[PDB]
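*Asks:*
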Amino acid sequence: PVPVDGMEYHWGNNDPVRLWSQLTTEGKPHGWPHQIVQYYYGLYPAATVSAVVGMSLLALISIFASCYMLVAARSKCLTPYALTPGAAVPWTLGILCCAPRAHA
Amino acid sequence: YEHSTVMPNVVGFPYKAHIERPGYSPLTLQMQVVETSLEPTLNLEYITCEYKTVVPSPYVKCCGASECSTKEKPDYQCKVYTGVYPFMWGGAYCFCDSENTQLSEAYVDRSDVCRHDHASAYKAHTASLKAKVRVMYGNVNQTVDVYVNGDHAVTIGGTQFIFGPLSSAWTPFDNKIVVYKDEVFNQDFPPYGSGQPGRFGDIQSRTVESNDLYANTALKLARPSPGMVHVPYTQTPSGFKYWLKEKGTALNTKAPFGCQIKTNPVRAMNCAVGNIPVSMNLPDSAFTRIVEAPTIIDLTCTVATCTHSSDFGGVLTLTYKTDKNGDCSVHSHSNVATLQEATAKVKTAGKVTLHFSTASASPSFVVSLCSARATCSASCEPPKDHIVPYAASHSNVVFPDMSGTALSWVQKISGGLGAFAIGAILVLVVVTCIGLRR
Amino acid sequence: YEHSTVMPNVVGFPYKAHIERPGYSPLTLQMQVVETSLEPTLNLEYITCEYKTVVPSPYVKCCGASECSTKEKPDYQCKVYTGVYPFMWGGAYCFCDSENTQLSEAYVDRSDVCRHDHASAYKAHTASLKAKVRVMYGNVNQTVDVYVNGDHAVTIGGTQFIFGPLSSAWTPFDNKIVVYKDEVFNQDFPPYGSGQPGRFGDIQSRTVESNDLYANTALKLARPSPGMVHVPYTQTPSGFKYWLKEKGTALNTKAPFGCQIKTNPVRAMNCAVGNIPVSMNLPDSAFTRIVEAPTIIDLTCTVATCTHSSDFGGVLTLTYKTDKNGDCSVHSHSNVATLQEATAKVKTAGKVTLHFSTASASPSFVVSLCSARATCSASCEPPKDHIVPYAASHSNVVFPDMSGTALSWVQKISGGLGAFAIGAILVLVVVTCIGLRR
Ligand SMILES: *[C@@H]1O[C@H](CO)[C@@H](O[C@@H]2O[C@H](CO)[C@@H](O[C@@H]3O[C@H](CO)[C@@H](O)[C@H](O)[C@@H]3O)[C@H](O)[C@H]2NC(C)=O)[C@H](O)[C@H]1NC(C)=O
Ligand SMILES: *[C@@H]1O[C@H](CO)[C@@H](O[C@@H]2O[C@H](CO)[C@@H](O[C@@H]3O[C@H](CO)[C@@H](O)[C@H](O)[C@@H]3O)[C@H](O)[C@H]2NC(C)=O)[C@H](O)[C@H]1NC(C)=O
Ligand SMILES: *[C@@H]1O[C@H](CO)[C@@H](O[C@@H]2O[C@H](CO)[C@@H](O[C@@H]3O[C@H](CO)[C@@H](O)[C@H](O)[C@@H]3O)[C@H](O)[C@H]2NC(C)=O)[C@H](O)[C@H]1NC(C)=O
Ligand SMILES: *[C@@H]1O[C@H](CO)[C@@H](O[C@@H]2O[C@H](CO)[C@@H](O[C@@H]3O[C@H](CO)[C@@H](O)[C@H](O)[C@@H]3O)[C@H](O)[C@H]2NC(C)=O)[C@H](O)[C@H]1NC(C)=O
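Residue numbers (PDB author numbering), protein chains in the order written: chain B, 319 to 422; chain A, 1 to 438; chain H, 1 to 438.
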C-alpha cells in the first residue's frame, strides 16, 4: 500500500526507494452536481456521504417547516369564517384554496 | 528590523518568507532544511558479550585426599570425588586401588573478542535537535549548521538568525535501548546483578575494560566416568548467541515518520515532525529604497492551465503597467498555492509569467508584484499519473474557494430555500397582524 | 522469603526492619545510609576565559599609500591613516613632507593560560542518585555501594537487596549552571554567538581545544598623535574580570536541605529528602526454627526514667518467665519510640533492660521480645539543654497518647458535657412523649 504520505521498501543490498501517491480519482469536477459528488467521493470516501446526508436532511427539515407554516397560517386565517353562518368571499377562495370548492 | 516566522520541518520544502518594511520595497527570503539530527542523551548501564568456560586440568591426588578451596571467581564451581582409578596410555598410575581422589575446577570468564563484538544497554532521554539550513536572498547563497533551540545565533551576511525550539517533543526512542553495531532496539533488559541464564544478559560487565563480572549460567559439575580423566560438566548455552538469532525486528525498519536511525552516535535523521520558529534581524543594506523600485499599477492576474499535481502544475500570467524596468519580489499570501520563483524580471512590455502548485480543486489567492496586488481564481483538473517518486511541493490544502462551482451550487440552493422560508415568515406575520388588529 | 519496606533518607539514622515468618522466629535488620550523592547530567555549552589583545607593529609607508585588507580573525579591526610625519630617536624619516601613510592593525585572541583558568557553562537535567548503605544482621556486617533506582540488585551474604527509586524528584540545580573551579552557580548565561561586551561571555569558545572563537569587545582604533609611532586604541575591559568580582553568592552556601555542593564531577552529597523503598529476598538459613528459640511468656513492661531529648534518654525494662536461655530480637512497632539495640540476651533471671529515644510528652508503644508482646507507657519530662551538636535520633512525632494526662482531662470534661446533653435530651423526649400521649 502507498498512501498519500508515501512509503519505502528495501530489496536486497540496494538502497531504499521511496514512492509517493498522488491525488487522482475517477470523477469529474466542475460539472453537474452528480459528478462533483463522485469526484469528492474518490477522495476521502467517508466524509462526502456524511456531508451530503446532512445537507439533504437540513433541506428537508427547512422545506417541511415552511410548508407546515403555510398550512397553519391558512388555517388560522380561514377559521373565523367557519364560526358564523356567513359566506366564503370568493376573492379569498381564489387565493386560499379550501375544502369547500363550491358548496358553502 | 526584527522579524519572526514559522517554517515547516520538512526536508526540501521551499519555504519563502515575506518582509514588508514601510520605508522600503518588499523583500523575499528562501529557507530550506537540508539535514536534521535528533540526538538523545545516553547513560551506559552494562555490556554483554559471549562468555567462555575455563576448565583447568584435574589434580588426581592419590594415596591421600584433597579438600576444595573457595575462590572469588565468577560462577566458580569445585568438587572433590572419591574412588577414581584413572588410566593413561602406558597404563594406570596411582597404585592405591580405591584410595584416590580427583579435584574438578571450572568457572566463567569474559571472551577474548568481547572488545570487538558486544552489545550495549543504554538509557535514553531528553533528545537534542540539530539541523543544517540553506538560506538565500538577494544575491546571498550559503548553508549553515544550527542547534535547533532558542540559544544559538548565527550570522549570515550581516543578518542574525535564531532558530527557536521545536514545536513538538516527540522522540522515537523508548526509555531503554539496546545498541548493536548499527541497529537500535526498543528492548527492556534485566537489571544489573539479576540476569537469568540462557537469555539476554546472562553475563554482565559495567564497562568493556572493567574488572568486575557477574555471571549466572548454571554451571554444574558431574562425576567422571570410571577409568578416564576428563572433568565432565554441563552448562546452559550462551544467552548472547541466542539473542542474536531471535532479537526480532529493529528500529531502523520500525521508526515512524520515515526517519532513518544511525549509530555512533545514536541519532535519528531527516525526521519530519513539527514546526521550527525563526527569529531574524536584518540590516538596512539588504532592502531597497522605494524610489529605486519600479512603480506597478493596474495589476491583473490570469491562469492558463491548472492541474493540482505534486509538481508545479500551474501557469500564471500577470499584466501590468510600469514606468521603468527592474526587479520585483513575488509572493503569494495564502498557503493554498506555492510559487516557484521569489523574484521576477519586470519590463515595459507588461507581461510576466509564474509557476505555482496547488492541491485544491478551485484555488483562490492574492499575489503581489513589488507593491501591487491582484486576485487569482482558477479551475484545476486532476492529474492522470497514479504514483510519482518525489514529494509534494504544496501545503496539502483541499477545501475549495467559496466562489467555486460546488460552493456556488450550495449557495444557490441555500438562497432559494431561504427565500421560501422568508416568504413563509412574511405571510404568517401578515396573517397574525391582521388577526391581532381585529 | 520476599519482603518490602520503606526507610527514611536521613544520614546516620539507625533504621530497623522486622521480619516475621510464620514458621520461624522473628528477625531484625539494621540498615544505615552512610553517604549519598546526587549526580546530574551535563551538556557543555561554551568556555569563557580572559582575552588578550594582539597589536602588531605599524607599517609606515614613506612617499606612498596603502590599502586595508579584510581578514577572518575574531574582532579584527584595521584602519589606514594619511598625512602622518613620524619621528625616531636619531631623527625623522619619510622625507616626503605630507605624502606618508600609516596602517594600524589589531585583533583579539584567547589568552595563553585559558586552559588553566576558565569558567564552564553547562545545562543540567535528570539528576541520578547514588548511595552507600551499611547492612548488618545476625553475624553479617558489610557496606555496599548501590544505585538508588529499581534496576540494581546487590548481594550481601546470600540476600538480594533492591533499593527502589527515590520518593521525590527534587534537585537543587537549575536548568542552567556555571561552574568555576570548585563552585557552582545558578546563573542564566547569554546564548552562544550573542554575547555582550563587558559582561560574562564577551568571548566564547565551543571547547577549550576548539579552533573557532567568537569575540565582541568593541575594539576601536584612533588616529595617532603628530610625530609619534604608538598605534592608539580603546577597548572595553574583559567581562570575565567583572564577573569574577561581581558574581555574587554561590550554591555551596545557599543549597537547601543542608547538602554540600562539590565539583569534578558536579554532585550534591548527603542531601536529606524523601524515602527510599527497599525490596529484599532472604534465604532460609538466616532465620531460626521456632523450636530452637526460647519461649517467652508473661511479659510486663515498666519504664524507669524518660526524657524526650535528642539522644537515647529513656530506660526501659522487661520481666518474663522463660524455659531456656538464648537470644531474641526486640523491636518497637510504633515510630513514636526508637530502640537502640536489636538483640537482647535472654536469661532465666527474667529481667532485661533496653534504651529508647522519644520526642513526645507521653508515648505509648508496643514492644515484642521473641514472640511475646507488651504495651509500654510512661511520663516524660523536658530536657534542660537548649542546644546540642548532634542530630535527633527520634522520628520527631509530638502528638501524645489518648491515655496521657492532658487527653485524660479532655476526655473527662467531654464526658461530663456529654452526660449533661444526654440528660437534657432524655428530659425533652420524655416531656414531648407525655404531651403527645394526651
Ligand atoms: C607406595 O605405595 C604404597 C602402597 O601400599 C603407599 O602406601 C600407602 O600410603 C598411604 C599414605 O599414608 C596410606 O594411606 C593411609 O591409610 C590409612 C588406613 O590404612 C589411613 O589411616 C591414613 O590416614 C592414610 O590415608 C595407604 O594405606 C598405604 N597403602 C597401604 C596398602 O597401606 C605409599 O604411600 C606409596 N609411596 C608414595 C611415596 O606414595
Ligand atoms: C547555492 O549553492 C548551491 C550549491 O552550490 C546551488 O545548488 C547547485 O545548483 C547547480 C545548478 O545551478 C547544480 O548543478 C547541477 O546539478 C544537477 C543535479 O541533477 C546536475 O545534474 C547538473 O549536472 C549540475 O551539476 C548543483 O548540483 C546544485 N548543488 C546542490 C548541492 O544541489 C544553488 O543553485 C545556489 N543558489 C542559487 C540561487 O543559485
Ligand atoms: C627619494 O625621495 C624622493 C622625494 O621627492 C621620492 O620621490 C617621490 O616618489 C614617490 C613614488 O611613489 C612619489 O609618489 C607619487 O607621487 C605622484 C604625484 O604626486 C602620485 O600620483 C603617485 O600616486 C605617488 O604618490 C612622490 O611624488 C615623489 N616625490 C616628489 C616627486 O617630490 C623618492 O621616491 C625617494 N626614493 C625612494 C623612496 O626610494
Ligand atoms: C560493622 O562493621 C563496621 C566496619 O565495617 C564497624 O565499624 C567500626 O566502627 C567503630 C566505631 O564507629 C570504629 O572504631 C573507631 O575507630 C577509630 C579509629 O581511629 C577510633 O578513633 C574511634 O574512637 C572508634 O573506636 C571501627 O574502626 C569500625 N570498624 C572498621 C572501620 O573496620 C562496626 O562496628 C561493625 N558493627 C559492630 C556491631 O561492631
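For every residue, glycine included, the Cβ atom is placed at its ideal position computed from N, Cα and C.
Cβ of B/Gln340 less than 9 Å from any chain A Cβ?
*Replies:* Judged by the 9 Å Cβ criterion, B/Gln340 is in contact with chain A.
*Asks:* Below 8 Å, is the gap between the Cβ of H/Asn141 and the nearest heavy atom of ligand 4?
*Replies:* Checking the Cβ of H/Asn141 against ligand 4 gives yes.
*Asks:* Take the Cβ of H/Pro56 as the centre, count every other Cβ of all protein chains shown within 10 Å, and call the residue buried at 16 or more, exposed below.
*Replies:* Exposed, because fewer than 16 other Cβ atoms sit within 10 Å of the Cβ of H/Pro56.
*Asks:* Check whether the stretch 370-380 of chain H touches the stretch 22-31 of chain H, counting contact only when three or more Cβ pairs, one atom from each stretch, lie closer than 8 Å.
*Replies:* Result yes; three or more Cβ-Cβ pairs closer than 8 Å.
*Asks:* So which residues of chain H does A/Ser194 contact, with C-beta pairs closer than 9 Å?
*Replies:* The contacting residues are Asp151, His152, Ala153, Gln160, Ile162.
*Asks:* If you measure from the CB of A/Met136, is any heavy atom of ligand 2 nearer than 8 Å?
*Replies:* Yes, ligand 2 has a heavy atom inside 8 Å of this Cβ.
*Asks:* Measuring straight from C-alpha to C-alpha, what distance separates residue 425 of chain B and B/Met387?
*Replies:* Look at the range of chain B in this structure, 319 to 422, and you will see that residue 425 of chain B is not part of it.
*Asks:* Distance cutoff 9 Å, beta carbons only. Does A/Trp170 sit that close to anything in chain B?
*Replies:* With 9 Å as the cut-off, A/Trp170 does not count as an interface residue toward chain B.
*Asks:* Between the stretch 197-205 of chain A and the stretch 42-55 of chain A, can you find at least three pairs of beta-carbon atoms closer than 8 Å?
*Replies:* Contact holds: three or more Cβ-Cβ distances are below 8 Å.
*Asks:* Taking the beta strand (DSSP E) that H/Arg21 belongs to, which residues open and close that run?
*Replies:* Per DSSP, H/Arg21 belongs to no beta strand (DSSP E) and is neither H nor E.
*Asks:* Classify H/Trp409 as buried or exposed, calling it buried when 16 or more other Cβ atoms lie within 10 Å of its own Cβ.
*Replies:* It is exposed - the Cβ of H/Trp409 has fewer than 16 other Cβ atoms within 10 Å.
*Asks:* Would you mind reading off the limits of the beta strand (DSSP E) that contains H/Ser357?
*Replies:* Per DSSP, H/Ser357 belongs to the beta strand (DSSP E) from 351-358.
*Asks:* I'd like to know whether the C-beta of A/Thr405 is nearer than 9 Å to at least one C-beta of chain B.
*Replies:* So, interface residue.
*Asks:* DSSP three-state call for A/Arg206: helix, strand or coil?
*Replies:* A/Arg206 falls in the coil class under three-state DSSP.
*Asks:* Measure the C-alpha to C-alpha separation of H/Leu38 and H/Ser128 and round it to an integer number of angstroms.
*Replies:* Looking at the two C-alpha atoms, the distance is approximately 6 Å.
*Asks:* Looking at the unbroken alpha helix (DSSP H) that takes in H/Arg223, where does it start and where does it end?
*Replies:* First-last for H/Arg223: undefined, no H or E at that position.
*Asks:* Report the residues of the stretch 31-59 of chain A with a CB closer than 9 Å to any CB of chain H, ordered along the chain.
*Replies:* Within the stretch 31-59 of chain A, the qualifying residues are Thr41, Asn43, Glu45.
*Asks:* Smallest Cα separation from H/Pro383: which of H/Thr307, H/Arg267, H/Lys345, H/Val54?
*Replies:* Nearest option by C-alpha distance: H/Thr307.
*Asks:* Please confirm whether H/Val133 and H/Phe173 have their CB atoms less than 9 Å apart.
*Replies:* No, the pair does not count as a contact, with Cβ atoms beyond the cut-off.
*Asks:* Applying the criterion that 16 or more other CB atoms from any shown protein chain within 10 Å of the CB defines a buried residue, is A/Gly418 buried or exposed?
*Replies:* It is exposed - the Cβ of A/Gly418 has fewer than 16 other Cβ atoms within 10 Å.
*Asks:* Tell me whether H/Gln260 sits in a helix, a strand or coil according to DSSP, three-state version.
*Replies:* Here H/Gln260 sits in strand by DSSP.
*Asks:* Can you name the start and end residues of the alpha helix (DSSP H) that A/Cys301 belongs to?
*Replies:* From DSSP, A/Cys301 is part of no alpha helix (DSSP H) but of the beta strand (DSSP E) over 296-306.
*Asks:* Am I right that H/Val144 and H/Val154 are in contact with their C-beta atoms under 8 Å? What's the rounded C-beta distance?
*Replies:* About 5 Å; that satisfies the 8 Å criterion.
*Asks:* Taking a contact to mean a Cβ-Cβ separation below 9 Å, would you say A/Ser393 touches A/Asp311 in this structure?
*Replies:* Going by C-beta atoms, A/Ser393 is nearer than 9 Å to A/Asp311.
*Asks:* Distance, Cα to Cα, B/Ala365 vs A/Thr295?
*Replies:* C-alpha separation (whole angstroms): 48 Å.
*Asks:* Is there a C-beta anywhere in chain A that falls below 9 Å from the one on B/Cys395?
*Replies:* So, interface residue.
*Asks:* May I ask you to report which of helix, strand or coil DSSP gives A/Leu251?
*Replies:* Coil, per DSSP.
*Asks:* Using the C-alpha atoms, what's the distance from H/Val303 back to H/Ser403?
*Replies:* C-alpha separation (whole angstroms): 16 Å.
*Asks:* H/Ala391: which of H/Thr432, H/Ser309, H/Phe356, H/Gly423 sits nearest, CA to CA?
*Replies:* Nearest option by C-alpha distance: H/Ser309.
*Asks:* May I ask whether a heavy atom of ligand 1 can be found less than 8 Å away from the beta carbon of A/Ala222?
*Replies:* No, the beta carbon of A/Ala222 sits no closer than 8 Å to any heavy atom of ligand 1.
*Asks:* With burial defined as no fewer than 16 other Cβ atoms inside 10 Å of the residue's Cβ, what is the status of A/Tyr137: buried or exposed?
*Replies:* Buried, since its Cβ has 16 or more Cβ neighbours within 10 Å.
*Asks:* If you draw a straight line from the alpha carbon of H/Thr263 to that of H/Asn252, how long is it in whole angstroms?
*Replies:* When rounded, the distance between both Cα atoms is 10 Å.
*Asks:* Quick check: the stretch 220-240 of chain A against the stretch 54-71 of chain A, are there 3 or more CB pairs under 8 Å?
*Replies:* Contact between the stretch 220-240 of chain A and the stretch 54-71 of chain A is present, because at least three Cβ pairs lie under 8 Å.
*Asks:* Does the beta carbon of B/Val367 sit closer than 9 Å to a beta carbon anywhere in chain A?
*Replies:* Answer no: the Cβ-Cβ gap between B/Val367 and chain A never drops below 9 Å.
*Asks:* Spatial neighbours of A/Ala222 within its chain, please: C-beta separation below 7 Å, excluding the five flanking residues on both sides.
*Replies:* Here the set comprises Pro232, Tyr233, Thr234.
*Asks:* Given a threshold of 16 other Cβ atoms within 10 Å of its Cβ, counted over all protein chains shown, does H/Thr353 qualify as buried or as exposed?
*Replies:* Label assigned to H/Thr353: exposed.
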